[PDB]
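**Student:** What follows is the file work_17.txt, containing compact mmCIF, N, CA and C atoms:
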```
# COMPACT_ATOMS: atom_id res chain seq x y z
N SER E 47 -4.24 9.69 -6.48
CA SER E 47 -5.23 8.79 -5.90
C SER E 47 -6.59 9.45 -5.76
N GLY E 48 -6.87 10.46 -6.57
CA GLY E 48 -8.17 11.12 -6.60
C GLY E 48 -9.06 10.47 -7.64
N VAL E 49 -10.33 10.29 -7.28
CA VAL E 49 -11.28 9.55 -8.11
C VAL E 49 -12.32 10.46 -8.75
N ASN E 50 -12.16 11.78 -8.64
CA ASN E 50 -13.19 12.71 -9.08
C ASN E 50 -13.24 12.89 -10.59
N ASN E 51 -12.24 12.42 -11.33
CA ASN E 51 -12.27 12.46 -12.78
C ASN E 51 -12.84 11.18 -13.40
N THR E 52 -13.01 10.13 -12.60
CA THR E 52 -13.65 8.90 -13.07
C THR E 52 -15.11 8.82 -12.65
N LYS E 53 -15.94 9.76 -13.11
CA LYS E 53 -17.33 9.75 -12.68
C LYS E 53 -18.30 9.94 -13.84
N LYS E 54 -17.85 10.62 -14.89
CA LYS E 54 -18.68 10.88 -16.05
C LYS E 54 -18.21 10.07 -17.25
N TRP E 55 -19.11 9.90 -18.21
CA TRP E 55 -18.78 9.21 -19.44
C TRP E 55 -18.24 10.19 -20.47
N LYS E 56 -17.27 9.72 -21.25
CA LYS E 56 -16.60 10.55 -22.23
C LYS E 56 -16.84 10.01 -23.63
N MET E 57 -16.90 10.92 -24.60
CA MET E 57 -16.94 10.57 -26.01
C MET E 57 -15.74 11.21 -26.69
N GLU E 58 -14.82 10.39 -27.18
CA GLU E 58 -13.64 10.85 -27.89
C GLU E 58 -13.59 10.21 -29.27
N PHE E 59 -13.09 10.97 -30.24
CA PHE E 59 -12.92 10.47 -31.59
C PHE E 59 -11.57 9.79 -31.74
N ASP E 60 -11.47 8.95 -32.76
CA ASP E 60 -10.21 8.27 -33.06
C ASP E 60 -9.16 9.28 -33.50
N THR E 61 -7.95 9.13 -32.98
CA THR E 61 -6.88 10.07 -33.26
C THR E 61 -6.31 9.84 -34.66
N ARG E 62 -6.17 10.92 -35.41
CA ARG E 62 -5.65 10.91 -36.77
C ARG E 62 -4.20 11.40 -36.78
N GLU E 63 -3.66 11.63 -37.98
CA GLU E 63 -2.25 11.95 -38.16
C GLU E 63 -1.94 13.37 -37.70
N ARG E 64 -0.86 13.50 -36.92
CA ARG E 64 -0.26 14.78 -36.60
C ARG E 64 1.16 14.79 -37.15
N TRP E 65 1.48 15.76 -37.99
CA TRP E 65 2.81 15.87 -38.55
C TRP E 65 3.51 17.10 -37.98
N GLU E 66 4.74 17.33 -38.44
CA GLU E 66 5.57 18.41 -37.94
C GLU E 66 5.53 19.58 -38.91
N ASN E 67 5.29 20.77 -38.39
CA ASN E 67 5.24 21.96 -39.23
C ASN E 67 6.63 22.27 -39.77
N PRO E 68 6.79 22.41 -41.09
CA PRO E 68 8.14 22.63 -41.64
C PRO E 68 8.80 23.90 -41.14
N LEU E 69 8.03 24.93 -40.80
CA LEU E 69 8.62 26.19 -40.37
C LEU E 69 9.15 26.09 -38.94
N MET E 70 8.28 25.76 -37.99
CA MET E 70 8.60 25.83 -36.58
C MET E 70 8.74 24.47 -35.91
N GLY E 71 8.39 23.39 -36.59
CA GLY E 71 8.37 22.10 -35.93
C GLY E 71 7.16 21.89 -35.04
N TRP E 72 6.10 22.67 -35.24
CA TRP E 72 4.89 22.50 -34.46
C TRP E 72 4.15 21.24 -34.91
N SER E 73 3.16 20.84 -34.12
CA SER E 73 2.32 19.68 -34.43
C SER E 73 1.13 20.18 -35.24
N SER E 74 1.07 19.78 -36.50
CA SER E 74 -0.03 20.16 -37.38
C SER E 74 -1.09 19.06 -37.39
N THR E 75 -2.29 19.44 -37.84
CA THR E 75 -3.37 18.47 -37.98
C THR E 75 -4.29 18.91 -39.11
N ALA E 76 -5.00 17.93 -39.67
CA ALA E 76 -6.09 18.17 -40.60
C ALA E 76 -7.39 17.56 -40.08
N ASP E 77 -7.41 17.16 -38.81
CA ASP E 77 -8.55 16.51 -38.18
C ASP E 77 -9.33 17.55 -37.39
N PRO E 78 -10.52 17.95 -37.83
CA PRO E 78 -11.29 18.93 -37.04
C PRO E 78 -11.74 18.41 -35.69
N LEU E 79 -11.81 17.09 -35.51
CA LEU E 79 -12.36 16.48 -34.31
C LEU E 79 -11.27 15.95 -33.38
N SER E 80 -10.03 16.41 -33.56
CA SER E 80 -8.92 15.95 -32.73
C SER E 80 -9.08 16.35 -31.26
N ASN E 81 -9.72 17.48 -30.98
CA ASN E 81 -9.88 17.96 -29.62
C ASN E 81 -11.31 17.83 -29.10
N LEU E 82 -12.24 17.33 -29.90
CA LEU E 82 -13.64 17.29 -29.50
C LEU E 82 -13.85 16.17 -28.48
N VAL E 83 -14.24 16.56 -27.26
CA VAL E 83 -14.48 15.62 -26.17
C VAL E 83 -15.81 15.99 -25.53
N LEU E 84 -16.80 15.11 -25.64
CA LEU E 84 -18.09 15.34 -25.02
C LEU E 84 -18.20 14.55 -23.72
N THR E 85 -19.00 15.07 -22.79
CA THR E 85 -19.19 14.47 -21.49
C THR E 85 -20.65 14.11 -21.29
N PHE E 86 -20.88 12.97 -20.64
CA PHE E 86 -22.23 12.45 -20.45
C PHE E 86 -22.35 11.89 -19.04
N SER E 87 -23.59 11.88 -18.54
CA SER E 87 -23.88 11.34 -17.22
C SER E 87 -23.99 9.82 -17.21
N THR E 88 -24.49 9.21 -18.28
CA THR E 88 -24.62 7.76 -18.37
C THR E 88 -24.14 7.30 -19.73
N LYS E 89 -23.89 5.99 -19.83
CA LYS E 89 -23.54 5.38 -21.11
C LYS E 89 -24.68 5.51 -22.12
N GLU E 90 -25.92 5.36 -21.66
CA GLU E 90 -27.07 5.41 -22.56
C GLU E 90 -27.16 6.76 -23.26
N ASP E 91 -26.92 7.84 -22.53
CA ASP E 91 -26.94 9.17 -23.13
C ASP E 91 -25.88 9.29 -24.22
N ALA E 92 -24.68 8.78 -23.94
CA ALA E 92 -23.60 8.84 -24.92
C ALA E 92 -23.93 8.04 -26.17
N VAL E 93 -24.48 6.84 -26.01
CA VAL E 93 -24.80 6.05 -27.20
C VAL E 93 -25.96 6.66 -27.98
N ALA E 94 -26.95 7.25 -27.30
CA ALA E 94 -28.01 7.94 -28.02
C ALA E 94 -27.47 9.12 -28.81
N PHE E 95 -26.56 9.89 -28.20
CA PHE E 95 -25.97 11.03 -28.89
C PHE E 95 -25.12 10.58 -30.08
N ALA E 96 -24.37 9.50 -29.92
CA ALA E 96 -23.57 8.99 -31.03
C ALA E 96 -24.45 8.45 -32.15
N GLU E 97 -25.58 7.83 -31.80
CA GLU E 97 -26.45 7.23 -32.81
C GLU E 97 -27.19 8.29 -33.60
N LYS E 98 -27.72 9.31 -32.93
CA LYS E 98 -28.45 10.33 -33.67
C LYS E 98 -27.52 11.19 -34.51
N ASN E 99 -26.24 11.24 -34.16
CA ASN E 99 -25.24 11.93 -34.96
C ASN E 99 -24.57 11.04 -36.00
N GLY E 100 -24.94 9.76 -36.05
CA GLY E 100 -24.44 8.88 -37.08
C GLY E 100 -23.00 8.45 -36.93
N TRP E 101 -22.45 8.54 -35.73
CA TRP E 101 -21.07 8.14 -35.47
C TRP E 101 -21.03 6.68 -35.04
N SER E 102 -20.22 5.88 -35.74
CA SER E 102 -19.94 4.53 -35.27
C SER E 102 -19.16 4.60 -33.97
N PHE E 103 -19.57 3.77 -33.00
CA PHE E 103 -19.01 3.84 -31.67
C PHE E 103 -18.69 2.45 -31.14
N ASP E 104 -17.70 2.38 -30.27
CA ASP E 104 -17.51 1.25 -29.37
C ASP E 104 -17.50 1.79 -27.95
N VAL E 105 -18.31 1.19 -27.09
CA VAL E 105 -18.46 1.63 -25.71
C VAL E 105 -18.01 0.51 -24.79
N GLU E 106 -17.18 0.84 -23.81
CA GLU E 106 -16.67 -0.14 -22.86
C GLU E 106 -17.31 0.08 -21.49
N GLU E 107 -17.48 -1.02 -20.77
CA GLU E 107 -18.12 -0.97 -19.46
C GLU E 107 -17.25 -0.21 -18.47
N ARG E 108 -17.90 0.53 -17.57
CA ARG E 108 -17.19 1.28 -16.55
C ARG E 108 -16.48 0.32 -15.60
N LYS E 109 -15.20 0.58 -15.34
CA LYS E 109 -14.40 -0.23 -14.43
C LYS E 109 -14.29 0.49 -13.09
N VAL E 110 -14.89 -0.10 -12.06
CA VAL E 110 -14.85 0.49 -10.72
C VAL E 110 -13.96 -0.37 -9.84
N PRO E 111 -13.32 0.19 -8.81
CA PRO E 111 -12.55 -0.64 -7.88
C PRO E 111 -13.45 -1.64 -7.17
N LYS E 112 -12.97 -2.87 -7.08
CA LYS E 112 -13.71 -3.84 -6.30
C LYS E 112 -13.53 -3.56 -4.81
N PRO E 113 -14.54 -3.85 -4.00
CA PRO E 113 -14.37 -3.68 -2.55
C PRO E 113 -13.25 -4.56 -2.02
N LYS E 114 -12.51 -4.03 -1.05
CA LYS E 114 -11.36 -4.72 -0.49
C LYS E 114 -11.44 -4.73 1.03
N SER E 115 -10.98 -5.83 1.62
CA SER E 115 -11.03 -6.04 3.06
C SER E 115 -9.72 -5.53 3.66
N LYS E 116 -9.78 -4.36 4.29
CA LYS E 116 -8.62 -3.74 4.91
C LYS E 116 -8.69 -3.93 6.42
N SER E 117 -7.62 -4.49 6.98
CA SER E 117 -7.56 -4.73 8.42
C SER E 117 -6.17 -4.33 8.90
N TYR E 118 -6.10 -3.29 9.73
CA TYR E 118 -4.82 -2.86 10.29
C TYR E 118 -4.22 -3.93 11.19
N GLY E 119 -5.06 -4.63 11.95
CA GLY E 119 -4.58 -5.67 12.84
C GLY E 119 -3.95 -6.86 12.15
N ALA E 120 -4.13 -6.99 10.84
CA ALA E 120 -3.48 -8.07 10.10
C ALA E 120 -1.97 -7.85 10.02
N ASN E 121 -1.53 -6.60 10.11
CA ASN E 121 -0.11 -6.26 10.01
C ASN E 121 0.70 -6.91 11.11
N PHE E 122 0.03 -7.34 12.18
CA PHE E 122 0.68 -7.96 13.33
C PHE E 122 0.16 -9.37 13.56
N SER E 123 0.03 -10.15 12.49
CA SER E 123 -0.57 -11.47 12.60
C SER E 123 0.35 -12.42 13.36
N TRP E 124 -0.26 -13.31 14.14
CA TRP E 124 0.51 -14.28 14.90
C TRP E 124 1.03 -15.41 14.03
N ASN E 125 0.26 -15.84 13.02
CA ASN E 125 0.70 -16.96 12.20
C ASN E 125 0.41 -16.80 10.71
N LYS E 126 0.18 -15.59 10.21
CA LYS E 126 -0.09 -15.38 8.80
C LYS E 126 1.01 -14.54 8.17
N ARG E 127 1.13 -14.67 6.84
CA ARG E 127 2.12 -13.92 6.08
C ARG E 127 1.78 -12.45 5.93
N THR E 128 0.58 -12.03 6.33
CA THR E 128 0.20 -10.63 6.28
C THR E 128 0.96 -9.76 7.27
N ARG E 129 1.68 -10.37 8.22
CA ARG E 129 2.47 -9.60 9.16
C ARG E 129 3.58 -8.85 8.42
N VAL E 130 3.75 -7.58 8.77
CA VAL E 130 4.76 -6.75 8.13
C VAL E 130 6.05 -6.80 8.93
N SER E 131 7.18 -6.75 8.22
CA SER E 131 8.50 -6.73 8.85
C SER E 131 8.96 -5.33 9.19
N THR E 132 8.32 -4.30 8.65
CA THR E 132 8.63 -2.91 8.94
C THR E 132 7.34 -2.11 8.93
N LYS E 133 7.39 -0.91 9.50
CA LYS E 133 6.20 -0.08 9.54
C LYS E 133 6.55 1.38 9.28
N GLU W 31 21.86 -9.50 61.05
CA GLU W 31 20.61 -9.91 61.67
C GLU W 31 19.77 -8.74 62.22
N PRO W 32 20.36 -7.82 62.98
CA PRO W 32 19.59 -6.65 63.44
C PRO W 32 19.31 -5.69 62.29
N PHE W 33 18.54 -4.66 62.60
CA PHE W 33 18.21 -3.65 61.59
C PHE W 33 19.48 -2.95 61.12
N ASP W 34 19.65 -2.89 59.80
CA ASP W 34 20.89 -2.42 59.19
C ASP W 34 20.58 -1.46 58.04
N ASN W 35 19.72 -0.48 58.29
CA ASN W 35 19.42 0.53 57.28
C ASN W 35 20.46 1.64 57.29
N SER W 36 21.67 1.34 57.78
CA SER W 36 22.79 2.26 57.70
C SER W 36 23.86 1.78 56.73
N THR W 37 23.56 0.78 55.90
CA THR W 37 24.51 0.26 54.92
C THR W 37 23.78 -0.06 53.63
N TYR W 38 24.45 0.20 52.50
CA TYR W 38 23.94 -0.26 51.21
C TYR W 38 24.11 -1.77 51.09
N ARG W 39 23.13 -2.41 50.45
CA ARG W 39 23.16 -3.85 50.22
C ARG W 39 23.04 -4.19 48.74
N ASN W 40 23.45 -3.27 47.87
CA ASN W 40 23.35 -3.45 46.42
C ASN W 40 24.72 -3.23 45.79
N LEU W 41 25.73 -3.88 46.36
CA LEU W 41 27.11 -3.74 45.90
C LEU W 41 27.51 -4.78 44.86
N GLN W 42 26.59 -5.66 44.45
CA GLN W 42 26.95 -6.70 43.49
C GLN W 42 27.19 -6.13 42.10
N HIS W 43 26.39 -5.16 41.67
CA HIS W 43 26.53 -4.60 40.33
C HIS W 43 27.83 -3.83 40.14
N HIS W 44 28.64 -3.69 41.19
CA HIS W 44 29.97 -3.12 41.03
C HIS W 44 30.92 -4.10 40.35
N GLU W 45 30.64 -5.40 40.44
CA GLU W 45 31.49 -6.43 39.86
C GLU W 45 30.90 -7.05 38.60
N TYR W 46 29.85 -6.44 38.04
CA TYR W 46 29.26 -6.96 36.82
C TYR W 46 30.17 -6.66 35.63
N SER W 47 30.03 -7.47 34.59
CA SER W 47 30.87 -7.38 33.40
C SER W 47 30.01 -7.09 32.18
N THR W 48 30.65 -7.11 31.01
CA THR W 48 29.94 -6.88 29.75
C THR W 48 28.97 -8.00 29.43
N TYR W 49 29.25 -9.23 29.87
CA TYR W 49 28.45 -10.39 29.52
C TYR W 49 27.70 -10.96 30.73
N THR W 50 27.46 -10.15 31.75
CA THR W 50 26.75 -10.65 32.93
C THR W 50 25.29 -10.95 32.60
N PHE W 51 24.60 -10.01 31.94
CA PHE W 51 23.19 -10.20 31.62
C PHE W 51 22.99 -11.37 30.65
N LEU W 52 23.81 -11.44 29.61
CA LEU W 52 23.67 -12.51 28.63
C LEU W 52 24.09 -13.87 29.18
N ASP W 53 25.10 -13.91 30.06
CA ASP W 53 25.42 -15.17 30.74
C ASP W 53 24.28 -15.61 31.64
N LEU W 54 23.64 -14.66 32.33
CA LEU W 54 22.48 -14.99 33.15
C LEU W 54 21.35 -15.54 32.29
N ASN W 55 21.14 -14.96 31.11
CA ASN W 55 20.16 -15.51 30.17
C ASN W 55 20.52 -16.93 29.75
N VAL W 56 21.80 -17.16 29.44
CA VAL W 56 22.27 -18.49 29.06
C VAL W 56 21.95 -19.49 30.16
N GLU W 57 22.25 -19.13 31.41
CA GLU W 57 22.01 -20.05 32.52
C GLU W 57 20.52 -20.19 32.80
N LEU W 58 19.72 -19.19 32.42
CA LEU W 58 18.27 -19.25 32.55
C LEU W 58 17.62 -20.16 31.52
N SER W 59 18.25 -20.37 30.37
CA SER W 59 17.64 -21.20 29.33
C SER W 59 17.37 -22.62 29.83
N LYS W 60 18.10 -23.05 30.86
CA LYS W 60 17.92 -24.35 31.51
C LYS W 60 16.46 -24.63 31.83
N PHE W 61 15.87 -23.78 32.65
CA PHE W 61 14.50 -23.92 33.14
C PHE W 61 13.57 -22.89 32.49
N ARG W 62 13.08 -23.22 31.30
CA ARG W 62 12.06 -22.44 30.63
C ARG W 62 11.02 -23.39 30.05
N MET W 63 9.87 -22.86 29.76
CA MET W 63 8.98 -23.77 29.06
C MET W 63 9.26 -23.75 27.57
N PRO W 64 8.95 -24.85 26.88
CA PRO W 64 9.05 -24.83 25.42
C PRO W 64 8.22 -23.69 24.86
N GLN W 65 8.79 -22.93 23.93
CA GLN W 65 8.10 -21.78 23.37
C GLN W 65 6.88 -22.25 22.59
N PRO W 66 5.86 -21.41 22.45
CA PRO W 66 4.79 -21.72 21.50
C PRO W 66 5.31 -21.64 20.08
N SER W 67 4.51 -22.06 19.11
CA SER W 67 4.91 -21.98 17.71
C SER W 67 3.74 -21.49 16.89
N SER W 68 4.01 -20.64 15.90
CA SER W 68 2.99 -20.18 14.98
C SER W 68 2.79 -21.13 13.80
N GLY W 69 3.44 -22.29 13.81
CA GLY W 69 3.33 -23.23 12.71
C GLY W 69 4.43 -23.08 11.69
N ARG W 70 4.62 -21.86 11.19
CA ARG W 70 5.66 -21.58 10.21
C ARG W 70 6.97 -21.24 10.92
N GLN W 71 8.04 -21.09 10.13
CA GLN W 71 9.34 -20.72 10.66
C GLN W 71 9.58 -19.21 10.66
N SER W 72 8.91 -18.48 9.78
CA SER W 72 8.99 -17.03 9.72
C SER W 72 7.82 -16.53 8.88
N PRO W 73 7.40 -15.28 9.08
CA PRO W 73 6.30 -14.75 8.26
C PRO W 73 6.62 -14.73 6.77
N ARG W 74 7.89 -14.78 6.40
CA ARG W 74 8.29 -14.88 5.00
C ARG W 74 8.30 -16.31 4.49
N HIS W 75 8.07 -17.29 5.36
CA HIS W 75 7.90 -18.68 4.94
C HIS W 75 6.46 -18.94 4.54
```
Just dump the structure as structure tokens.
**Tutor:**
Amino acid sequence: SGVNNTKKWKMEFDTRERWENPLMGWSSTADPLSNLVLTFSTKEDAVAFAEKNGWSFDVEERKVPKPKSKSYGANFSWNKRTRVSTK
Amino acid sequence: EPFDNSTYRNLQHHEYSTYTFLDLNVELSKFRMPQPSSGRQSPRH
């Protein structure tokens, strides 16, 4: 329930094929950009960086928790279903 | 009638039974007011 990793914008490349190494069964790759992950302060910085580097991008809007009305006294409601049967 | 602080006067609970309190409640249900209602039958309704 920690929110400290949802604060910066990320740039990740599309994942390519990983196969099994015939000798050891390791995960092989031929994708140089499989681990490349860039971090940005805003969406605009990320799109500018992607555009000047010529990378086609899709960017999705940041999803933040909506504000919620929390009331401890609702747990003991006189006539509402918010009353809890256990605590 | 005279002052009698030389005797206990709480000897009734010596003859109480397992159902004395609940029988007293049963006989008390006679004269009570109608309970209030929250509208529903239970919070799960």
**Student:** If we count only N, CA and C atoms and set the cut-off at 5 Å, which residues sit around stretch 53-62 of chain E, ignoring sequence neighbours fewer than 2 positions away in its own chain? Please answer as a count of residues only.
**Tutor:** 8
**Student:** Compile the residues of chain E that lie within 7 Å of chain W, evaluated using only C-alpha atoms, and express the compilation as JSON, numbers by chain.
**Tutor:** {"E": [124, 125, 126, 127, 129]}
**Student:** Among the residues of chain E, find those DSSP assigns to strand (DSSP E or B) from the backbone and print them as a list in words.
**Tutor:**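 After running DSSP on the backbone, chain E has strand (DSSP E or B) at residues 55, 56, 57, 58, 64, 65, 66, 73, 74, 75, 83, 84, 85 and 86 of chain E.
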**Student:** Go ahead and compute the interatomic distance for atom CA of residue W:48 and atom CA of residue W:61, in Å to one decimal.
**Tutor:** 23.2 Å
**Student:** One number please: atom N of residue E:133 to atom CA of residue E:115, in Å, one decimal.
**Tutor:**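 Those two atoms sit 20.2 Å apart.
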**Student:** Quote the spacing between atom N of residue E:95 and atom C of residue E:82 in Å to one decimal place.
**Tutor:**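 Here the two named atoms are 14.2 Å from each other.
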**Student:** Give me, as a PyMOL selection string, the residues of chain E that a backbone DSSP run labels alpha helix (DSSP H).
**Tutor:** chain E and resi 89-98
